[PDB]
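Novice: Got a structure here, written out as structure tokens. Questions coming.
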Amino acid sequence: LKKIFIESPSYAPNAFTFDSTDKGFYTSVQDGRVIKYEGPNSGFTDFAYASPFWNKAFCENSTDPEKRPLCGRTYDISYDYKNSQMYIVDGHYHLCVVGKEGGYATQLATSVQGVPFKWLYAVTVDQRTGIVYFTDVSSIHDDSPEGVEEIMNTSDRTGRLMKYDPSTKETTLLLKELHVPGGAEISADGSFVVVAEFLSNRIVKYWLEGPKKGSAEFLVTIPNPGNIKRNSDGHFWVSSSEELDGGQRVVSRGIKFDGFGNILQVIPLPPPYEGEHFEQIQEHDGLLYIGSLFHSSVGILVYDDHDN
Ligand SMILES: *[C]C1(*)(*)(*)N(*)[C@@](*)(*)[C@](*)(*)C2(*)(*)(*)=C1(*)(*)(*)[N@@](*)(*)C1(*)(*)(*)=[C@@](*)(*)[C@](*)(*)=[C@](*)(*)[C@@](*)(*)=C12(*)(*)*
């Protein structure tokens with residue numbers, strides 16, 4: 001297992017997505033930007049900003065939590081191929097979208113059933129229907145240090161799963177009282193959405209079709225599950241960390257599972273991720289993109305097989 005680091009601006013490149021050109025990638029960073037890597041000999045450019053207030057002088061390269069409400073902080077991004085546009089979920093500006101050329105994003109939704117969003121975290125677009133599925137970590141606590149602390153202390157179970165439909169412009173509540181839903185990924189065939197409940201160490205399966213449509217069921221136990229991203233085979237990669245029996249400390253792993261809950265592949269991450277929580281593992285073009293809040297470079301894994 002080989003690791004590659006790509007030096008990036010700002011800090012904490014946590015989430016990735018890709019467009020039809022498939023040259024490079026997009027990533028969300030701590031200072032409120034969505035940036036685009038253009039290739040090994042042309043670095044990063046700014047792509048988009050959820051916050052309409054974002055500006056270089058005040059927000060570029062900041063990690064001051066006090067500047068977050070103004071600059072924004074995007075937690076996930078999902079490219080819509082049919083419409084050449086990028087969906088965004090931000091901790092301060094909520095569900096947004098930006099067209100192909102980027103720039104400042106258009107805000108789409110900030111509440112459901114009269115209850116404001118507090119910390120949108122994961123997003124995915126159904127490539128066939130253009131319908132957007134996304135999670136809110138809490139209905140009480142935002143991404144401030146004070147908020148994170150309260151979520152932990154009260155074992156906050158006020159997370160939600162929503163859908164947004166661009167043809168109605170309405171958003172609908174699918175699930176409530178989730179236990180820190182930091183990951184959500186639609187099946188290849190659109191029949192279900194898998195949701196990671198970080199504080200309950202599990203993945204649940206929410207049905208979009210079939211006789212159980214509109215309900216969710218337990219799928220598989222995963223320690224401290226984060227983001228979920230589907231690969232081209234239709235399987236799901238999730239970030240995981242497990243406290244080590246005998247240690248102290250965690251062991252970090254990427255875990256690939258199917259829609260029936262079978263564990264298909266387990267990848268212990270190498271340093272520096274090995275003993276740290278991480279955000280996401282996403283398979284694309286034969287590479288594993290690793291999202292984290294704890295580094296200033298993007299991490300990518302590939303296996304070296306030049307001997308067998
Ligand atoms: C799951 C992950 N991501 C989302 C959010 C979060 C996580 N974890 C935690 C802890 C505490 C608070 C919040 C959180």
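Starting from 1 in every chain, residues are counted up; chains themselves are A, B, ... following the order of the structure tokens, and ligands are numbered from 1 as listed.
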For ligand 1, return the neighbouring residues as an MDAnalysis selection string (distance at most 9 Å; only C-alpha atoms and all ligand atoms).
Specialist: chainID A and resid 75 119:122 136:138 141:143 147:153 155:156 180:183 196:199 224:227 278:279
Novice: Just to be explicit: take each residue in the selection above, keep N, CA and C atoms, and write the result as a tab-separated table (two decimals), in the first residue's frame.
Specialist:
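Writing the result to out.tsv gives the following:
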```tsv
chain	number	residue	atom	x	y	z
A	75	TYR	N	-18.75	20.80	4.20
A	75	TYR	CA	-18.48	19.45	4.70
A	75	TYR	C	-18.60	18.37	3.65
A	119	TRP	N	-26.18	21.57	11.20
A	119	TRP	CA	-24.85	21.13	10.76
A	119	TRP	C	-24.97	20.08	9.63
A	120	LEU	N	-25.30	20.58	8.47
A	120	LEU	CA	-25.33	19.64	7.26
A	120	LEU	C	-23.92	19.06	7.02
A	121	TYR	N	-23.90	17.74	6.71
A	121	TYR	CA	-22.68	17.04	6.76
A	121	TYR	C	-22.34	16.19	5.51
A	122	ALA	N	-23.30	15.44	5.02
A	122	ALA	CA	-23.08	14.61	3.86
A	122	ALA	C	-24.12	14.89	2.82
A	136	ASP	N	-28.12	16.08	8.29
A	136	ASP	CA	-27.92	17.11	9.34
A	136	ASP	C	-27.50	16.36	10.60
A	137	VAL	N	-26.38	16.75	11.20
A	137	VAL	CA	-25.81	16.02	12.30
A	137	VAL	C	-26.63	16.20	13.57
A	138	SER	N	-27.27	17.35	13.66
A	138	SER	CA	-27.97	17.71	14.92
A	138	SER	C	-28.99	18.71	14.65
A	141	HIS	N	-27.11	21.56	17.82
A	141	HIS	CA	-25.73	21.98	18.02
A	141	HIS	C	-25.09	22.18	16.63
A	142	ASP	N	-24.40	23.30	16.45
A	142	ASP	CA	-23.60	23.51	15.25
A	142	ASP	C	-22.13	23.03	15.39
A	143	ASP	N	-21.30	23.38	14.39
A	143	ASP	CA	-19.95	22.97	14.32
A	143	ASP	C	-18.90	23.78	15.17
A	147	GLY	N	-20.50	23.44	20.34
A	147	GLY	CA	-21.39	22.46	19.73
A	147	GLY	C	-20.90	21.02	19.70
A	148	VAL	N	-19.66	20.80	19.26
A	148	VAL	CA	-19.06	19.48	19.21
A	148	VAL	C	-19.05	18.91	20.60
A	149	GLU	N	-18.73	19.76	21.57
A	149	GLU	CA	-18.60	19.28	22.91
A	149	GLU	C	-19.95	18.80	23.44
A	150	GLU	N	-21.01	19.56	23.20
A	150	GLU	CA	-22.35	19.18	23.60
A	150	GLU	C	-22.87	17.95	22.90
A	151	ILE	N	-22.52	17.80	21.61
A	151	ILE	CA	-22.97	16.60	20.90
A	151	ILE	C	-22.40	15.39	21.61
A	152	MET	N	-21.10	15.37	21.84
A	152	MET	CA	-20.44	14.29	22.63
A	152	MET	C	-21.08	14.12	24.01
A	153	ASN	N	-21.11	15.19	24.80
A	153	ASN	CA	-21.60	15.10	26.20
A	153	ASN	C	-23.04	14.60	26.32
A	155	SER	N	-24.77	12.90	23.95
A	155	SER	CA	-24.95	11.77	23.00
A	155	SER	C	-26.12	12.14	22.10
A	156	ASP	N	-26.04	13.36	21.59
A	156	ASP	CA	-27.05	13.98	20.71
A	156	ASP	C	-27.57	12.97	19.67
A	180	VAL	N	-25.99	11.08	15.19
A	180	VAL	CA	-24.86	11.73	14.46
A	180	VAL	C	-24.67	11.08	13.09
A	181	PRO	N	-25.57	11.40	12.14
A	181	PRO	CA	-25.51	10.84	10.77
A	181	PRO	C	-24.51	11.58	9.87
A	182	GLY	N	-23.25	11.19	10.00
A	182	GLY	CA	-22.18	11.85	9.25
A	182	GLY	C	-21.89	11.26	7.91
A	183	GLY	N	-22.64	10.27	7.50
A	183	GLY	CA	-22.40	9.69	6.13
A	183	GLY	C	-23.76	9.26	5.49
A	196	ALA	N	-24.79	6.39	7.89
A	196	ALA	CA	-23.84	6.05	8.96
A	196	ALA	C	-24.27	6.79	10.21
A	197	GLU	N	-24.47	6.11	11.32
A	197	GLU	CA	-24.80	6.80	12.61
A	197	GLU	C	-23.60	6.68	13.47
A	198	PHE	N	-22.80	7.75	13.52
A	198	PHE	CA	-21.49	7.67	14.13
A	198	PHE	C	-21.57	7.16	15.60
A	199	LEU	N	-22.48	7.75	16.34
A	199	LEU	CA	-22.56	7.41	17.80
A	199	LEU	C	-23.16	6.06	18.12
A	224	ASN	N	-17.40	3.64	14.77
A	224	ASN	CA	-17.20	5.10	14.57
A	224	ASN	C	-17.22	5.40	13.04
A	225	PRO	N	-18.34	5.10	12.39
A	225	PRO	CA	-18.41	5.21	10.90
A	225	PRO	C	-18.53	6.67	10.53
A	226	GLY	N	-17.80	7.08	9.50
A	226	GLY	CA	-17.97	8.45	8.99
A	226	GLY	C	-18.70	8.53	7.66
A	227	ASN	N	-18.10	9.22	6.67
A	227	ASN	CA	-18.65	9.41	5.34
A	227	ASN	C	-18.77	8.04	4.63
A	278	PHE	N	-10.55	9.62	10.80
A	278	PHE	CA	-10.47	10.28	9.45
A	278	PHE	C	-11.90	10.41	8.96
A	279	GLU	N	-12.09	11.16	7.89
A	279	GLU	CA	-13.39	11.53	7.47
A	279	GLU	C	-14.08	10.64	6.40
```
Novice: Could you pull out all residues of segment 149-292 of chain A with a DSSP call of helix (DSSP H, G or I) and give them as an NGL selection string?
Specialist: :A and (149-154 or 198-200)
Novice: Since we have the selection now, will you write its residues out, keeping N, CA, C and O atoms, as a short mmCIF file (atom, residue, chain, number, x, y, z; two decimals), in the first residue's frame?
Specialist:
```
data_model
loop_
_atom_site.label_atom_id
_atom_site.label_comp_id
_atom_site.auth_asym_id
_atom_site.auth_seq_id
_atom_site.Cartn_x
_atom_site.Cartn_y
_atom_site.Cartn_z
N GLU A 149 -18.73 19.76 21.57
CA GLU A 149 -18.60 19.28 22.91
C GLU A 149 -19.95 18.80 23.44
O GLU A 149 -20.01 17.70 24.01
N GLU A 150 -21.01 19.56 23.20
CA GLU A 150 -22.35 19.18 23.60
C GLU A 150 -22.87 17.95 22.90
O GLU A 150 -23.62 17.14 23.51
N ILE A 151 -22.52 17.80 21.61
CA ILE A 151 -22.97 16.60 20.90
C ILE A 151 -22.40 15.39 21.61
O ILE A 151 -23.12 14.46 21.84
N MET A 152 -21.10 15.37 21.84
CA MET A 152 -20.44 14.29 22.63
C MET A 152 -21.08 14.12 24.01
O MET A 152 -21.58 13.04 24.35
N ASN A 153 -21.11 15.19 24.80
CA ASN A 153 -21.60 15.10 26.20
C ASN A 153 -23.04 14.60 26.32
O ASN A 153 -23.31 13.85 27.25
N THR A 154 -23.94 15.03 25.44
CA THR A 154 -25.37 14.65 25.55
C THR A 154 -25.73 13.45 24.67
O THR A 154 -26.89 13.08 24.65
N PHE A 198 -22.80 7.75 13.52
CA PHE A 198 -21.49 7.67 14.13
C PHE A 198 -21.57 7.16 15.60
O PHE A 198 -20.81 6.26 15.95
N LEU A 199 -22.48 7.75 16.34
CA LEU A 199 -22.56 7.41 17.80
C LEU A 199 -23.16 6.06 18.12
O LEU A 199 -23.08 5.63 19.27
N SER A 200 -23.79 5.45 17.16
CA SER A 200 -24.37 4.07 17.29
C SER A 200 -23.58 3.02 16.53
O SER A 200 -23.99 1.84 16.38
#
```
Novice: Go ahead and compute the interatomic distance for atom CA of residue 116 of chain A and atom CA of residue 277 of chain A, in Å to one decimal.
Specialist: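 Atom CA of residue 116 of chain A sits 28.3 Å away from atom CA of residue 277 of chain A.
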Novice: Select, from A:112, A:194, A:89, A:300, the residue with the minimum atom-to-atom distance to residue 50 of chain A, counting only C-alpha atoms.
Specialist: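 Once distances to residue 50 of chain A are computed over only C-alpha atoms, the minimum belongs to A:89.
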Novice: Within 12 Å of segment 270-274 of chain A, counting only C-alpha atoms, which residues qualify if same-chain residues fewer than 5 places away don't, as JSON, numbers by chain?
Specialist: {"A": [1, 2, 3, 4, 5, 239, 240, 241, 242, 243, 244, 249, 250, 251, 252, 253, 254, 279, 280, 281, 290, 291, 292, 293, 294, 295, 296, 297, 298, 299, 300, 301, 302, 303]}
Novice: May I have the residues within 6 Å of residue 15 of chain A as a VMD selection string, using only C-alpha atoms and disregarding those fewer than 4 positions away in the same chain?
Specialist: chain A and resid 27 to 28 76 291
Novice: Please produce a file of those selected residues containing C-alpha atoms, as a CSV table (one decimal), in the first residue's frame.
Specialist:
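Below you can see result17.csv, which holds the result:
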```csv
chain,number,residue,atom,x,y,z
A,27,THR,CA,-12.1,19.2,-2.3
A,28,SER,CA,-13.6,21.2,0.6
A,76,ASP,CA,-19.4,17.6,1.5
A,291,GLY,CA,-10.4,12.9,3.7
```
Novice: Listing only residues of segment 145-180 of chain A within 12 Å of segment 209-219 of chain A, what is the closest atom pair and its distance in Å (to one decimal) for each, using only C-alpha atoms, sorted by chain and residue number ascending, as a tab-separated table?
Specialist:
```
residue	atom	partner	partner_atom	distance
A:161	CA	A:216	CA	11.1
A:162	CA	A:214	CA	11.7
A:163	CA	A:214	CA	11.8
A:172	CA	A:214	CA	11.5
A:173	CA	A:214	CA	10.4
A:174	CA	A:214	CA	7.1
A:175	CA	A:215	CA	8.3
A:176	CA	A:216	CA	11.0
A:178	CA	A:216	CA	11.1
```
Novice: Compile the contact shell of residue 33 of chain A as number ranges by chain: residues with an atom at most 9 Å away, counting only C-alpha atoms, same-chain residues fewer than 6 positions apart removed.
Specialist: A: 10, 27, 46-51, 54, 60, 71-74
Novice: Keeping C-alpha atoms for every residue in the selection just given, could you write it to a file as a PDB file, in the first residue's frame?
Specialist:
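Dumped to again_29.pdb:
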```pdb
ATOM      1  CA  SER A  10      -5.919  25.916   3.650  1.00  0.00           C
ATOM      2  CA  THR A  27     -12.105  19.205  -2.320  1.00  0.00           C
ATOM      3  CA  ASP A  46     -10.508  28.252  -6.206  1.00  0.00           C
ATOM      4  CA  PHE A  47     -13.687  26.669  -7.488  1.00  0.00           C
ATOM      5  CA  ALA A  48     -16.563  27.705  -5.282  1.00  0.00           C
ATOM      6  CA  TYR A  49     -17.758  29.382  -2.063  1.00  0.00           C
ATOM      7  CA  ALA A  50     -20.941  28.494  -0.159  1.00  0.00           C
ATOM      8  CA  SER A  51     -20.700  31.725   1.807  1.00  0.00           C
ATOM      9  CA  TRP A  54     -16.171  34.712   1.436  1.00  0.00           C
ATOM     10  CA  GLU A  60      -8.022  32.662   3.123  1.00  0.00           C
ATOM     11  CA  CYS A  71     -16.420  32.385   5.710  1.00  0.00           C
ATOM     12  CA  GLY A  72     -18.473  29.155   5.730  1.00  0.00           C
ATOM     13  CA  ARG A  73     -17.151  25.610   6.031  1.00  0.00           C
ATOM     14  CA  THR A  74     -18.278  23.029   3.428  1.00  0.00           C
TER      15      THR A  74
END
```
